[PDB]
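Peer 1: Take a look at this one; I'll ask things after.
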Amino acid sequence: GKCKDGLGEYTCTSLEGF
Amino acid sequence: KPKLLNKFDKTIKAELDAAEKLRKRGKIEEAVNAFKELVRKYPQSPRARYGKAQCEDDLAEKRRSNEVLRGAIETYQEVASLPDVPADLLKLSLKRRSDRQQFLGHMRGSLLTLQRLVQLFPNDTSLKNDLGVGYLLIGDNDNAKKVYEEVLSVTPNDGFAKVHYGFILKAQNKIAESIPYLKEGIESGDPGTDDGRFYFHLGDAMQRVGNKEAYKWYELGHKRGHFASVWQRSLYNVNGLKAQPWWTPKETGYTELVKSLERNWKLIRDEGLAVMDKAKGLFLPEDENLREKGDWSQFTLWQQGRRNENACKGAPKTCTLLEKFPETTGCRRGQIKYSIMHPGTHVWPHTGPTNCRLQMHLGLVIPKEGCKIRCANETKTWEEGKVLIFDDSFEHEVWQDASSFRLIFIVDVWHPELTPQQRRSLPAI
Ligand SMILES: C[C@H](CC(=O)O)C(=O)C(=O)O
Ligand SMILES: [Cl-]
Ligand SMILES: [Mn+2]
């Protein structure tokens with residue numbers, strides 16, 4: 001899921017390496 | 001301390017040391033070639049293979065190359081496929097493999113590596129803890145929960161397992177159940193528990209059950225550097241940005257956007273009402289467990305700086321109007337959305353994920369009584385055709401006790417002190 005209004009996900013960004 | 005050399009590798013330690021010396025001196029390109037030569041000469045050597053992988057790892061850092069790192073990720077696996085690999089080296093190689101897979105976003109690949117590690121080292125509970133993080137990173141809370149239950153069944157006082165178990169319970173709306181795990185886990189001081197996410201959700205869980213100790217935990221999280229203040233608890237921040245709960249248009253500098261919203265508010269209202277009447281399925285219920293009770297739904301036109309083309313078919317004039325303002329349409333850490341809330345609704349006190357955005361609310365249909373929003377220590381209400389601006393990285397809370405629906409238009413903008421370089425490079429949220 002996405003962190004829209006809150007901070008409910010374990011991470012809010014997606015990892016794309018460098 | 002770690003035993004990395006098997007019987008054969010001990011006999012070639014002089015050659016292995018010479019290659020590793022090159023890596024530690026920063027002669028990475030020479031080090032890669034030297035370990036590649038050792039791999040060529042001793043293709044079964046685990047230490048030579050690991051040295052090659054470490055050098056490729058360092059080279060990927062130097063050149064900032066995902067492709068060079070992908071090569072390292074494969075070489076780390078090759079280490080594990082060789083005969084007679086020492087257990088310390090096998091664990092070190094596969095752990096780094098999984099770590100670098102996660103860095104690249106290969107979450108499924110990292111999970112397979114972590115599952116292999118747990119199968120190879122069944123008594124290592126720290127590896128099971130790492131596997132639970134792998135499940136959490138792909139959004140698999142059910143499997144993560146089973147992993148931490150297995151850890152807690154063996155070592156009940158594992159603090160890392162406690163906070164992660166408490167995090168999962170809290171995300172499942174098992175609020176009362178989550179508090180002892182989050183609290184005891186943070187209090188253990190175990191490596192990995194000093195994390196802003198666990199202070200954030202312990203305080204929120206305590207707030208939801210009416211535990212007045214919630215702000216003592218916000219205060220401690222602030223003192224340990226996780227929160228800019230007890231009020232402002234976002235975790236994805238740029239340091240130094242002006243921090244205040246409420247903003248005027250002139251303070252933001254976005255006066256042209258505010259004028260456009262207020263001059264043209266009726267067309268924005270009318271398109272929102274048309275969707276309510278003729279395409280109500282475009283309003284999707286809030287799905288972040290932020291309501292104590294009631295009905296709250298949102299119709300999103302932009303998210304993460306990306307226009308939703310199907311949504312803009314339903315509000316074409318509003319989307320056309322907003323396309324003139326990249327400060328909001330290009331805010332990759334914000335949204336542009338209609339927000340409807342009905343009587344009997346209470347939104348829990350909460351904070352947004354980032355201090356990099358400010359939030360504008362344009363009133364569209366505001367009942368004369370019953371609707372209000374608190375940000376920090378100040379409560380306000382909306383007005384039809386007028387914009388309110390607040391920093392939702394500060395704790396805020398909403399009530400709807402009117403006798404009819406309340407419709408607003410929400411426009412997130414980049415924090416005005418963020419430079420253009422930061423607006424292009426910050427990861428989307
Ligand atoms: C509850 C509000 C949304 C609304 O009042 O419609 C909120 O959380 C925010 O605007 O950040
Ligand atoms: Cl060999
Ligand atoms: Mn909010």
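Labeling convention for the structure tokens: chains A, B, ... as they appear, residues from 1 per chain, ligands from 1 in order of appearance.
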List the neighbours of residue A:3 out to 8 Å using only C-alpha atoms; skip same-chain residues closer than 5 positions along the sequence, and give me the result as number ranges by chain.
Peer 2: A: 8-9, 12; B: 288, 352-353, 429
Peer 1: Those selected residues, please, written with C-alpha atoms and delivered as a PDB file, in the first residue's frame.
Peer 2:
```pdb
ATOM      1  CA  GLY A   8       0.811   2.844   8.365  1.00  0.00           C
ATOM      2  CA  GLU A   9       3.096   0.941   5.989  1.00  0.00           C
ATOM      3  CA  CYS A  12       6.527   4.459   2.420  1.00  0.00           C
TER       4      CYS A  12
ATOM      5  CA  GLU B 288      -5.391   3.671   6.284  1.00  0.00           C
ATOM      6  CA  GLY B 352       1.341  12.446   7.538  1.00  0.00           C
ATOM      7  CA  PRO B 353       4.483  10.662   6.379  1.00  0.00           C
ATOM      8  CA  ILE B 429       5.578   9.054  -1.317  1.00  0.00           C
TER       9      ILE B 429
END
```
Peer 1: Report as a list in words which protein, DNA and RNA residues come within 8 Å of ligand 3, using only C-alpha atoms and all ligand atoms.
Peer 2: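 The distance check yields residues 5 and 6 of chain A; 350, 351, 352, 392, 396 and 397 of chain B.
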Peer 1: All residues within 12 Å of ligand 2 are required, counting only C-alpha atoms and all ligand atoms; please report them as a tab-separated table (two decimals) with N, CA and C atoms, in the first residue's frame.
Peer 2:
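Writing done, so here's pocket_22.tsv:
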```tsv
chain	number	residue	atom	x	y	z
B	6	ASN	N	38.18	-22.25	4.31
B	6	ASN	CA	38.16	-23.71	4.41
B	6	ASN	C	39.59	-24.24	4.26
B	7	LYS	N	39.72	-25.57	4.24
B	7	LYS	CA	41.04	-26.20	4.26
B	7	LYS	C	41.91	-25.72	3.11
B	8	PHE	N	41.35	-25.71	1.89
B	8	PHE	CA	42.14	-25.29	0.74
B	8	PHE	C	42.46	-23.80	0.80
B	9	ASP	N	41.48	-22.97	1.19
B	9	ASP	CA	41.71	-21.53	1.23
B	9	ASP	C	42.82	-21.15	2.20
B	11	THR	N	45.56	-22.70	2.48
B	11	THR	CA	46.82	-22.90	1.78
B	11	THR	C	47.13	-21.77	0.80
B	12	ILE	N	46.12	-21.00	0.39
B	12	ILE	CA	46.34	-19.91	-0.56
B	12	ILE	C	46.07	-18.57	0.11
B	37	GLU	N	41.22	-13.09	-11.11
B	37	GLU	CA	42.31	-14.00	-11.42
B	37	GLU	C	42.35	-15.16	-10.44
B	38	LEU	N	42.10	-14.90	-9.15
B	38	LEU	CA	42.07	-15.98	-8.18
B	38	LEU	C	40.89	-16.91	-8.42
B	39	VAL	N	39.73	-16.35	-8.77
B	39	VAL	CA	38.59	-17.19	-9.14
B	39	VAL	C	38.93	-18.02	-10.37
B	40	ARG	N	39.61	-17.42	-11.34
B	40	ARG	CA	40.02	-18.16	-12.52
B	40	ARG	C	40.98	-19.29	-12.16
B	41	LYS	N	41.94	-19.01	-11.27
B	41	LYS	CA	42.94	-20.01	-10.92
B	41	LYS	C	42.41	-21.03	-9.92
B	42	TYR	N	41.56	-20.60	-8.98
B	42	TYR	CA	40.99	-21.46	-7.95
B	42	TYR	C	39.47	-21.36	-8.01
B	43	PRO	N	38.84	-21.96	-9.03
B	43	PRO	CA	37.39	-21.75	-9.23
B	43	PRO	C	36.53	-22.30	-8.11
B	44	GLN	N	37.06	-23.14	-7.23
B	44	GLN	CA	36.29	-23.70	-6.13
B	44	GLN	C	36.49	-22.95	-4.82
B	45	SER	N	37.36	-21.95	-4.79
B	45	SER	CA	37.68	-21.23	-3.56
B	45	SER	C	36.53	-20.33	-3.12
B	46	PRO	N	35.92	-20.58	-1.95
B	46	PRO	CA	34.85	-19.68	-1.50
B	46	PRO	C	35.36	-18.30	-1.13
B	47	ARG	N	36.54	-18.20	-0.52
B	47	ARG	CA	37.05	-16.89	-0.14
B	47	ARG	C	37.39	-16.05	-1.38
B	48	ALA	N	37.93	-16.68	-2.42
B	48	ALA	CA	38.19	-15.94	-3.65
B	48	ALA	C	36.89	-15.45	-4.28
B	49	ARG	N	35.86	-16.31	-4.28
B	49	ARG	CA	34.57	-15.92	-4.84
B	49	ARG	C	33.95	-14.78	-4.04
B	82	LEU	N	29.44	-23.26	-3.90
B	82	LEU	CA	30.73	-23.92	-3.96
B	82	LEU	C	30.83	-25.01	-2.90
B	83	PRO	N	31.70	-26.00	-3.10
B	83	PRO	CA	31.88	-27.03	-2.08
B	83	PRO	C	32.62	-26.50	-0.86
B	84	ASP	N	32.25	-27.03	0.30
B	84	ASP	CA	33.04	-26.86	1.53
B	84	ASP	C	33.11	-25.40	1.98
```
Peer 1: Report as a PyMOL selection string the set of chain B residues whose atoms approach chain A to within 8 Å, with distances computed over only C-alpha atoms.
Peer 2: chain B and resi 64-66+102-105+136-137+139+171+197+234+288+290+334-335+350-353+427-429
Peer 1: Let me see the file: selected residues, N, CA, C and O atoms, as a CSV table (one decimal), in the first residue's frame.
Peer 2:
```csv
chain,number,residue,atom,x,y,z
B,64,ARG,N,28.0,3.9,-8.8
B,64,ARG,CA,26.6,4.0,-8.6
B,64,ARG,C,25.8,3.3,-9.6
B,64,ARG,O,24.9,3.8,-10.3
B,65,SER,N,26.2,2.0,-9.9
B,65,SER,CA,25.7,1.2,-11.0
B,65,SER,C,24.8,0.1,-10.4
B,65,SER,O,25.3,-0.8,-9.7
B,66,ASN,N,23.6,0.1,-10.8
B,66,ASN,CA,22.7,-1.1,-10.5
B,66,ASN,C,23.2,-2.3,-11.2
B,66,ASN,O,23.1,-3.4,-10.6
B,102,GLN,N,17.4,-6.2,-1.7
B,102,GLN,CA,16.4,-5.2,-1.2
B,102,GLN,C,16.8,-3.8,-1.6
B,102,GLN,O,15.9,-3.0,-2.0
B,103,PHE,N,18.1,-3.4,-1.6
B,103,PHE,CA,18.5,-2.1,-2.1
B,103,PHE,C,18.1,-1.9,-3.5
B,103,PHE,O,17.6,-0.8,-3.9
B,104,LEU,N,18.1,-2.9,-4.4
B,104,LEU,CA,17.7,-2.8,-5.7
B,104,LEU,C,16.2,-2.9,-5.9
B,104,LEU,O,15.7,-2.7,-7.0
B,105,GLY,N,15.4,-3.2,-4.9
B,105,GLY,CA,14.0,-3.4,-5.0
B,105,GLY,C,13.6,-4.8,-5.4
B,105,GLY,O,12.4,-5.0,-5.7
B,136,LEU,N,7.5,-8.1,5.4
B,136,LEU,CA,7.0,-6.8,5.6
B,136,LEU,C,7.3,-5.9,4.5
B,136,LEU,O,6.4,-5.0,4.2
B,137,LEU,N,8.4,-6.0,3.8
B,137,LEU,CA,8.8,-5.1,2.7
B,137,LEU,C,7.9,-5.4,1.5
B,137,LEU,O,7.7,-4.5,0.7
B,139,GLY,N,4.8,-6.3,1.8
B,139,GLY,CA,3.4,-6.2,2.2
B,139,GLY,C,2.7,-7.4,2.7
B,139,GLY,O,1.5,-7.4,2.9
B,171,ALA,N,-1.1,-2.6,12.8
B,171,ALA,CA,-1.6,-2.5,11.4
B,171,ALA,C,-2.9,-3.3,11.2
B,171,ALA,O,-3.6,-3.0,10.2
B,197,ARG,N,9.5,4.5,13.6
B,197,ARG,CA,8.2,3.8,13.3
B,197,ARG,C,7.5,3.2,14.5
B,197,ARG,O,6.3,3.2,14.6
B,234,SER,N,6.3,13.2,11.4
B,234,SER,CA,6.7,12.6,10.1
B,234,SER,C,8.1,12.0,10.1
B,234,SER,O,8.9,12.5,10.9
B,288,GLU,N,-6.6,3.7,5.5
B,288,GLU,CA,-5.4,3.7,6.3
B,288,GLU,C,-5.7,3.5,7.8
B,288,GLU,O,-4.9,3.8,8.6
B,290,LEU,N,-7.7,5.2,9.7
B,290,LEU,CA,-7.6,6.5,10.4
B,290,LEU,C,-8.9,6.9,11.0
B,290,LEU,O,-8.9,8.0,11.7
B,334,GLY,N,2.6,14.1,-2.5
B,334,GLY,CA,1.3,14.6,-2.1
B,334,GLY,C,0.3,14.2,-3.1
B,334,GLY,O,0.6,13.4,-4.0
B,335,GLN,N,-1.0,14.6,-2.9
B,335,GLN,CA,-2.1,14.2,-3.7
B,335,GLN,C,-2.9,15.5,-4.0
B,335,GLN,O,-2.8,16.5,-3.4
B,350,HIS,N,-3.6,12.0,13.9
B,350,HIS,CA,-2.6,11.3,13.1
B,350,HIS,C,-1.7,12.4,12.5
B,350,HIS,O,-1.9,13.6,12.5
B,351,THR,N,-0.6,11.9,11.9
B,351,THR,CA,0.4,12.6,11.2
B,351,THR,C,0.6,12.1,9.8
B,351,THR,O,0.5,10.8,9.6
B,352,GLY,N,0.9,12.9,8.9
B,352,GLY,CA,1.3,12.4,7.5
B,352,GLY,C,2.8,11.9,7.5
B,352,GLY,O,3.5,12.1,8.5
B,353,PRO,N,3.2,11.3,6.4
B,353,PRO,CA,4.5,10.7,6.4
B,353,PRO,C,5.7,11.6,6.2
B,353,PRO,O,6.8,11.2,6.5
B,427,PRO,N,12.5,10.8,-3.3
B,427,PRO,CA,11.6,9.7,-3.6
B,427,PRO,C,10.2,10.0,-3.4
B,427,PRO,O,9.8,10.7,-2.5
B,428,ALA,N,9.3,9.5,-4.3
B,428,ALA,CA,7.9,9.7,-4.3
B,428,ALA,C,7.3,9.0,-3.0
B,428,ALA,O,7.8,8.0,-2.5
B,429,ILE,N,6.3,9.6,-2.4
B,429,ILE,CA,5.6,9.1,-1.3
B,429,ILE,C,4.1,9.1,-1.6
B,429,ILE,O,3.4,8.1,-1.6
```
Peer 1: For atom 8 (O, counted along the ligand's line) of ligand 1 and atom CA of residue B:184, determine how far apart the two atoms are, in Å to one decimal place.
Peer 2: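 Interatomic distance, atom 8 (O, counted along the ligand's line) of ligand 1 to atom CA of residue B:184: 29.6 Å.
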Peer 1: List every residue of stretch 185-395 of chain B that DSSP, applied to the backbone of this structure, assigns to helix (DSSP H, G or I), and report them as a ChimeraX atom specification.
Peer 2: /B:185-188,196-209,214-223,249-252,255-263,265-278,280-282,309-314,316-322,326-329
Peer 1: Could you list, as a VMD selection string, all residues that come within 10 Å of ligand 1? Count only C-alpha atoms and all ligand atoms.
Peer 2: (chain A and resid 4 to 6) or (chain B and resid 286 290 to 291 296 to 298 337 to 342 345 to 352 358 to 361 363 371 to 375 381 to 382 389 to 400 406 to 412)
Peer 1: Could you check which of B:181, B:131, B:311, B:318 is closest to residue B:119, using only C-alpha atoms?
Peer 2: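 The shortest atom-to-atom distance to residue B:119 comes from B:131.
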